[PDB]
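Engineer: Here you go, this is upload17.cif (mmCIF, C-alpha atoms).
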data_upload
#
loop_
_atom_site.label_atom_id
_atom_site.label_comp_id
_atom_site.auth_asym_id
_atom_site.auth_seq_id
_atom_site.Cartn_x
_atom_site.Cartn_y
_atom_site.Cartn_z
CA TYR A 5 -93.22 -14.24 33.64
CA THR A 6 -90.55 -16.21 35.56
CA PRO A 7 -91.06 -17.30 39.19
CA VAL A 8 -89.00 -16.19 42.18
CA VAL A 9 -87.16 -18.09 44.88
CA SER A 10 -88.04 -18.33 48.55
CA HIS A 11 -84.79 -17.87 50.49
CA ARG A 12 -84.32 -14.10 50.47
CA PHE A 13 -86.58 -12.30 52.90
CA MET A 14 -86.43 -9.83 55.73
CA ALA A 15 -89.05 -8.93 58.30
CA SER A 16 -88.92 -5.69 60.23
CA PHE A 17 -91.15 -4.75 63.15
CA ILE A 18 -92.81 -1.45 64.02
CA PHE A 19 -93.13 -0.91 67.78
CA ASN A 20 -95.58 1.98 68.34
CA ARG A 21 -94.71 3.68 65.02
CA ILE A 22 -90.99 3.36 65.82
CA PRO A 23 -89.26 0.97 63.38
CA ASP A 24 -87.07 -1.90 64.54
CA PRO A 25 -84.16 -2.44 62.13
CA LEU A 26 -82.11 -4.75 64.38
CA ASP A 27 -84.19 -7.89 63.90
CA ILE A 28 -84.33 -8.74 60.21
CA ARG A 29 -82.50 -12.10 60.37
CA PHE A 30 -84.97 -14.99 60.47
CA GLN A 31 -84.69 -18.68 59.65
CA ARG A 32 -88.18 -19.06 58.18
CA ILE A 33 -91.50 -17.20 57.95
CA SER A 34 -94.82 -19.05 57.77
CA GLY A 35 -96.27 -17.73 54.53
CA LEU A 36 -99.40 -15.65 54.61
CA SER A 37 -102.80 -17.25 54.02
CA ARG A 38 -106.26 -15.71 54.14
CA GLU A 39 -109.54 -17.52 53.64
CA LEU A 40 -113.12 -16.44 52.97
CA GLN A 41 -115.37 -18.57 55.15
CA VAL A 42 -118.28 -20.04 53.22
CA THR A 43 -121.67 -21.34 54.35
CA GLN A 44 -123.16 -23.77 51.85
CA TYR A 45 -126.92 -23.38 51.55
CA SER A 46 -128.76 -26.17 49.74
CA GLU A 47 -132.33 -25.35 48.85
CA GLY A 48 -135.63 -26.51 47.49
CA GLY A 49 -135.73 -28.30 44.19
CA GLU A 50 -132.19 -27.30 43.26
CA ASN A 51 -130.47 -30.59 44.05
CA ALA A 52 -127.96 -30.65 41.19
CA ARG A 53 -125.77 -27.61 41.87
CA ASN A 54 -124.44 -26.12 45.08
CA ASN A 55 -124.97 -22.59 46.32
CA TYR A 56 -122.29 -21.02 48.49
CA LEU A 57 -122.89 -17.96 50.65
CA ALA A 58 -119.92 -15.79 51.64
CA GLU A 59 -119.04 -14.94 55.21
CA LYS A 60 -116.26 -13.20 57.13
CA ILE A 61 -112.61 -13.47 56.09
CA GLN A 62 -110.34 -15.56 58.32
CA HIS A 63 -106.70 -14.46 58.29
CA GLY A 64 -103.90 -16.89 58.99
CA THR A 65 -101.40 -16.99 61.82
CA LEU A 66 -97.84 -15.81 61.24
CA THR A 67 -95.09 -17.98 62.71
CA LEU A 68 -91.45 -17.12 62.31
CA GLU A 69 -88.42 -18.70 63.92
CA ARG A 70 -84.87 -17.48 64.34
CA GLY A 71 -81.72 -18.63 66.04
CA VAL A 72 -81.48 -17.38 69.59
CA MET A 73 -79.32 -14.28 69.65
CA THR A 74 -78.34 -11.42 71.94
CA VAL A 75 -81.32 -9.68 73.54
CA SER A 76 -82.93 -7.12 71.24
CA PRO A 77 -85.96 -4.78 71.06
CA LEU A 78 -87.91 -7.66 69.50
CA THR A 79 -87.23 -9.95 72.46
CA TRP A 80 -88.01 -7.21 74.99
CA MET A 81 -91.39 -6.80 73.29
CA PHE A 82 -92.45 -10.47 73.53
CA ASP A 83 -91.15 -10.72 77.09
CA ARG A 84 -93.14 -7.64 78.07
CA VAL A 85 -96.45 -8.94 76.72
CA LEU A 86 -96.02 -12.61 77.71
CA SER A 87 -95.20 -11.71 81.32
CA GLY A 88 -98.57 -10.00 81.65
CA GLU A 89 -97.27 -6.44 81.80
CA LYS A 90 -98.68 -4.74 78.71
CA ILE A 91 -100.83 -5.99 75.84
CA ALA A 92 -99.37 -3.99 72.97
CA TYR A 93 -99.56 -4.21 69.20
CA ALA A 94 -96.69 -4.37 66.73
CA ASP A 95 -96.80 -4.01 62.96
CA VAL A 96 -94.75 -6.39 60.82
CA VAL A 97 -93.37 -5.67 57.34
CA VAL A 98 -92.35 -8.88 55.56
CA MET A 99 -90.67 -8.38 52.22
CA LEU A 100 -89.11 -10.54 49.54
CA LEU A 101 -85.74 -9.46 48.17
CA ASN A 102 -84.17 -9.21 44.74
CA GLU A 103 -80.65 -10.07 43.68
CA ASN A 104 -79.56 -6.45 44.24
CA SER A 105 -81.25 -6.59 47.69
CA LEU A 106 -84.23 -4.59 46.47
CA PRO A 107 -87.75 -5.54 47.60
CA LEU A 108 -90.03 -7.27 45.14
CA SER A 109 -93.23 -7.36 47.19
CA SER A 110 -93.91 -6.53 50.83
CA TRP A 111 -96.71 -7.62 53.16
CA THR A 112 -97.66 -5.18 55.91
CA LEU A 113 -99.34 -6.95 58.81
CA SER A 114 -101.14 -4.32 60.85
CA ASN A 115 -101.68 -4.67 64.61
CA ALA A 116 -100.09 -8.08 65.06
CA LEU A 117 -100.59 -9.37 68.58
CA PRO A 118 -97.75 -11.57 69.91
CA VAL A 119 -99.46 -14.79 70.91
CA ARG A 120 -96.86 -17.45 71.73
CA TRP A 121 -93.10 -17.89 72.03
CA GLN A 122 -91.37 -21.26 72.14
CA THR A 123 -87.72 -22.25 72.18
CA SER A 124 -86.36 -25.49 70.81
CA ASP A 125 -85.48 -28.21 73.27
CA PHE A 126 -82.07 -28.77 74.74
CA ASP A 127 -80.61 -32.18 74.12
CA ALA A 128 -77.09 -33.39 74.75
CA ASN A 129 -77.19 -36.07 72.08
CA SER A 130 -77.62 -34.00 68.91
CA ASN A 131 -76.00 -30.88 67.48
CA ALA A 132 -78.40 -28.18 66.36
CA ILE A 133 -79.05 -24.48 66.81
CA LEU A 134 -81.41 -23.38 69.55
CA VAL A 135 -84.23 -21.64 67.73
CA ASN A 136 -87.04 -19.35 68.91
CA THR A 137 -90.32 -20.46 67.34
CA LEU A 138 -92.31 -17.29 68.05
CA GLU A 139 -95.80 -16.93 66.63
CA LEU A 140 -97.96 -13.83 66.43
CA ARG A 141 -101.52 -13.17 65.27
CA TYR A 142 -102.18 -10.28 62.90
CA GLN A 143 -105.58 -8.78 62.22
CA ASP A 144 -105.11 -7.35 58.72
CA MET A 145 -102.76 -7.87 55.80
CA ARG A 146 -102.11 -5.35 53.04
CA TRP A 147 -100.02 -6.71 50.19
CA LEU A 148 -97.91 -4.06 48.46
CA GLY A 149 -95.76 -4.03 45.33
CA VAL A 150 -94.95 -5.93 42.16
CA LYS A 151 -94.56 -9.74 41.88
CA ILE A 152 -96.96 -10.58 44.76
CA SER B 2 -23.67 -33.16 52.42
CA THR B 3 -26.21 -33.25 55.24
CA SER B 4 -25.21 -34.80 58.55
CA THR B 5 -27.13 -37.37 60.60
CA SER B 6 -28.19 -34.67 63.09
CA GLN B 7 -29.92 -32.56 60.45
CA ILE B 8 -31.81 -35.64 59.22
CA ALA B 9 -33.14 -36.18 62.74
CA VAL B 10 -34.66 -32.66 62.87
CA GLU B 11 -35.69 -31.93 59.26
CA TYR B 12 -36.51 -35.21 57.54
CA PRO B 13 -39.91 -36.82 58.20
CA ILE B 14 -40.37 -40.04 60.13
CA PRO B 15 -41.46 -43.42 58.71
CA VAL B 16 -44.28 -45.66 59.90
CA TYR B 17 -42.51 -49.00 60.07
CA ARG B 18 -41.03 -48.65 63.57
CA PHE B 19 -43.38 -48.02 66.49
CA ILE B 20 -44.14 -49.45 69.92
CA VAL B 21 -47.59 -49.87 71.49
CA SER B 22 -48.18 -49.88 75.25
CA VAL B 23 -51.53 -51.33 76.33
CA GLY B 24 -52.12 -50.18 79.90
CA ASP B 25 -48.89 -51.17 81.64
CA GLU B 26 -47.91 -53.93 79.18
CA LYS B 27 -45.90 -53.77 75.96
CA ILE B 28 -47.43 -55.97 73.26
CA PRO B 29 -45.73 -55.99 69.82
CA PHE B 30 -48.39 -55.41 67.19
CA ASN B 31 -48.21 -55.52 63.40
CA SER B 32 -50.50 -52.72 62.23
CA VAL B 33 -52.30 -50.05 64.23
CA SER B 34 -54.79 -47.99 62.26
CA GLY B 35 -57.96 -45.97 62.54
CA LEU B 36 -57.27 -43.34 65.20
CA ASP B 37 -58.48 -39.82 64.40
CA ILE B 38 -60.18 -36.73 65.81
CA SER B 39 -63.47 -35.94 64.07
CA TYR B 40 -66.18 -33.32 64.58
CA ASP B 41 -69.59 -32.74 63.07
CA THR B 42 -70.69 -29.37 61.71
CA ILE B 43 -73.70 -27.19 62.42
CA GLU B 44 -74.94 -24.78 59.75
CA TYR B 45 -77.34 -21.89 60.30
CA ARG B 46 -78.64 -19.74 57.48
CA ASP B 47 -81.08 -16.86 57.87
CA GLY B 48 -83.01 -14.54 55.60
CA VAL B 49 -80.76 -11.82 54.20
CA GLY B 50 -78.10 -14.52 53.93
#
For this file, write the structure as structure tokens.
Structural biologist:
Amino acid sequence: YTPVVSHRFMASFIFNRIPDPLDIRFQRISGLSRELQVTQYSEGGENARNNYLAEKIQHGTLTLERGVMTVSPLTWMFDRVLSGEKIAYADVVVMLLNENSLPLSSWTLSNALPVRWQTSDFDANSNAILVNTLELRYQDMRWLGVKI
Amino acid sequence: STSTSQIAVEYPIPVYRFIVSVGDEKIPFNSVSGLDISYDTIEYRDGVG
């Protein structure tokens, strides 16, 4: 039918089956890619058409940046795991939104491990928002709804 | 019938009579222009809007 636009979205986190509804305001989210790795096997007298053998599926890496805000249960989670205290998992629910703020489709990203966390640079010469480019690696992705 | 003391407190003031003082000197100029106070703007938009 008709396509949808890419500037309404919210992403909520699930810290140990306890939802996190304070941290849904993000600047951008990376867009979710998955890829089936493929080993090409060429053989014998068949030298006019390829022959591709499937392999394991390689999921992408989810980056999402936000303006730096007051400290929140999202920020206490990344600071806990990137200071070497506790390696813990967090589930991410990324959903599109309608005009009536209803979800079109949602991606649930099970057991996403927070990998890196990077702020923007200070500079005195230009005016811009300090952002928090924080990037986390998920190990499964289960698309759910209508209008994928 | 307004007086000349109400004109000096209500009526606006015209450009054609001004004095410029450069440092400690007084130099009579013809036209001074281009002084202003400007700022740039930072926008931030996120997600839910």
Engineer: Which residues, named as in the file, does the PyMOL selection byres ((chain A and resi 144-147) around 9) pick out? Answer as a JSON list (two decimals) with C-alpha atoms, keeping the file's coordinate frame.
Structural biologist:
[["chain", "number", "residue", "atom", "x", "y", "z"],
["A", 36, "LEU", "CA", -99.40, -15.65, 54.61],
["A", 38, "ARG", "CA", -106.26, -15.71, 54.14],
["A", 63, "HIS", "CA", -106.70, -14.46, 58.29],
["A", 109, "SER", "CA", -93.23, -7.36, 47.19],
["A", 110, "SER", "CA", -93.91, -6.53, 50.83],
["A", 111, "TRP", "CA", -96.71, -7.62, 53.16],
["A", 112, "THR", "CA", -97.66, -5.18, 55.91],
["A", 113, "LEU", "CA", -99.34, -6.95, 58.81],
["A", 114, "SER", "CA", -101.14, -4.32, 60.85],
["A", 115, "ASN", "CA", -101.68, -4.67, 64.61],
["A", 116, "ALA", "CA", -100.09, -8.08, 65.06],
["A", 142, "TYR", "CA", -102.18, -10.28, 62.90],
["A", 143, "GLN", "CA", -105.58, -8.78, 62.22],
["A", 148, "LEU", "CA", -97.91, -4.06, 48.46],
["A", 149, "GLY", "CA", -95.76, -4.03, 45.33],
["A", 152, "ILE", "CA", -96.96, -10.58, 44.76]]
Engineer: Please report as a Markdown table every residue of chain A lying within 8 Å of chain B, along with the nearest atom pair and their distance in Å (one decimal), using all atoms listed in the file.
Structural biologist:
| residue | atom | partner | partner_atom | distance |
| --- | --- | --- | --- | --- |
| A:11 | CA | B:48 | CA | 6.4 |
| A:12 | CA | B:48 | CA | 5.3 |
| A:13 | CA | B:48 | CA | 5.0 |
| A:14 | CA | B:48 | CA | 5.8 |
| A:28 | CA | B:48 | CA | 7.5 |
| A:29 | CA | B:48 | CA | 5.4 |
| A:30 | CA | B:47 | CA | 5.0 |
| A:31 | CA | B:47 | CA | 4.4 |
| A:32 | CA | B:48 | CA | 7.3 |
| A:70 | CA | B:47 | CA | 7.5 |
| A:71 | CA | B:45 | CA | 7.9 |
| A:131 | CA | B:43 | CA | 6.7 |
| A:132 | CA | B:43 | CA | 6.2 |
| A:133 | CA | B:45 | CA | 7.2 |
Engineer: Rounded to one decimal, what separation in Å do you get between atom CA of residue A:141 and atom CA of residue A:73?
Structural biologist: 22.7 Å
Engineer: My structure is short of atoms at stretch 13-44 of chain B; please model N, CA and C atoms there, returning them as a short mmCIF file (atom, residue, chain, number, x, y, z; two decimals), in the frame of the given file.
Structural biologist:
data_model
loop_
_atom_site.label_atom_id
_atom_site.label_comp_id
_atom_site.auth_asym_id
_atom_site.auth_seq_id
_atom_site.Cartn_x
_atom_site.Cartn_y
_atom_site.Cartn_z
N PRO B 13 -38.72 -36.27 57.53
CA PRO B 13 -39.91 -36.82 58.20
C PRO B 13 -39.67 -38.22 58.71
N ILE B 14 -40.63 -38.78 59.45
CA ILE B 14 -40.37 -40.04 60.13
C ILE B 14 -41.24 -41.14 59.54
N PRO B 15 -40.72 -42.36 59.38
CA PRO B 15 -41.46 -43.42 58.71
C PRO B 15 -42.28 -44.27 59.67
N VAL B 16 -43.30 -44.93 59.11
CA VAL B 16 -44.28 -45.66 59.90
C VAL B 16 -43.80 -47.01 60.41
N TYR B 17 -42.76 -47.59 59.84
CA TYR B 17 -42.51 -49.00 60.07
C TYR B 17 -41.81 -49.31 61.38
N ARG B 18 -41.72 -48.37 62.32
CA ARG B 18 -41.03 -48.65 63.57
C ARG B 18 -41.74 -47.90 64.69
N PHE B 19 -42.56 -48.61 65.45
CA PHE B 19 -43.38 -48.02 66.49
C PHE B 19 -43.56 -49.05 67.59
N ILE B 20 -43.86 -48.58 68.79
CA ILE B 20 -44.14 -49.45 69.92
C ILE B 20 -45.50 -49.07 70.48
N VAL B 21 -46.26 -50.07 70.92
CA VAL B 21 -47.59 -49.87 71.49
C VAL B 21 -47.54 -50.32 72.94
N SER B 22 -48.14 -49.54 73.83
CA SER B 22 -48.18 -49.88 75.25
C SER B 22 -49.63 -49.92 75.70
N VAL B 23 -50.15 -51.13 75.92
CA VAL B 23 -51.53 -51.33 76.33
C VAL B 23 -51.58 -51.36 77.85
N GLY B 24 -52.08 -50.29 78.45
CA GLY B 24 -52.12 -50.18 79.90
C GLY B 24 -50.73 -50.05 80.48
N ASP B 25 -50.25 -51.11 81.13
CA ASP B 25 -48.89 -51.17 81.64
C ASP B 25 -48.04 -52.21 80.92
N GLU B 26 -48.61 -52.90 79.93
CA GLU B 26 -47.91 -53.93 79.18
C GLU B 26 -47.36 -53.37 77.87
N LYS B 27 -46.39 -54.06 77.30
CA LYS B 27 -45.90 -53.77 75.96
C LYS B 27 -46.13 -54.99 75.09
N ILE B 28 -47.08 -54.89 74.17
CA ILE B 28 -47.43 -55.97 73.26
C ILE B 28 -46.97 -55.55 71.87
N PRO B 29 -46.19 -56.36 71.17
CA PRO B 29 -45.73 -55.99 69.82
C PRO B 29 -46.77 -56.30 68.76
N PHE B 30 -47.36 -55.25 68.20
CA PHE B 30 -48.39 -55.41 67.19
C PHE B 30 -47.80 -55.27 65.79
N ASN B 31 -48.63 -55.56 64.80
CA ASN B 31 -48.21 -55.52 63.40
C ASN B 31 -48.67 -54.25 62.71
N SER B 32 -49.92 -53.85 62.93
CA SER B 32 -50.50 -52.72 62.23
C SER B 32 -51.55 -52.08 63.11
N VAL B 33 -51.33 -50.83 63.48
CA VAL B 33 -52.30 -50.05 64.23
C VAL B 33 -52.85 -48.98 63.30
N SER B 34 -54.17 -48.89 63.22
CA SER B 34 -54.79 -47.99 62.26
C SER B 34 -56.16 -47.58 62.75
N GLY B 35 -56.60 -46.40 62.33
CA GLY B 35 -57.96 -45.97 62.54
C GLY B 35 -58.19 -44.96 63.63
N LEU B 36 -57.14 -44.35 64.17
CA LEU B 36 -57.27 -43.34 65.20
C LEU B 36 -57.31 -41.96 64.56
N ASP B 37 -58.25 -41.13 64.99
CA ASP B 37 -58.48 -39.82 64.40
C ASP B 37 -59.28 -38.97 65.37
N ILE B 38 -59.45 -37.70 65.01
CA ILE B 38 -60.18 -36.73 65.81
C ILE B 38 -61.18 -36.07 64.89
N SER B 39 -62.45 -36.44 64.99
CA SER B 39 -63.47 -35.94 64.07
C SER B 39 -64.51 -35.10 64.80
N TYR B 40 -65.11 -34.16 64.07
CA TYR B 40 -66.18 -33.32 64.58
C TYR B 40 -67.27 -33.19 63.53
N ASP B 41 -68.51 -33.03 63.98
CA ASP B 41 -69.59 -32.74 63.07
C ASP B 41 -69.80 -31.23 62.98
N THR B 42 -70.55 -30.79 61.98
CA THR B 42 -70.69 -29.37 61.71
C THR B 42 -72.15 -28.98 61.80
N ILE B 43 -72.37 -27.77 62.30
CA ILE B 43 -73.70 -27.19 62.42
C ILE B 43 -73.75 -25.98 61.51
N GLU B 44 -74.73 -25.94 60.61
CA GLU B 44 -74.94 -24.78 59.75
C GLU B 44 -76.21 -24.05 60.16
#
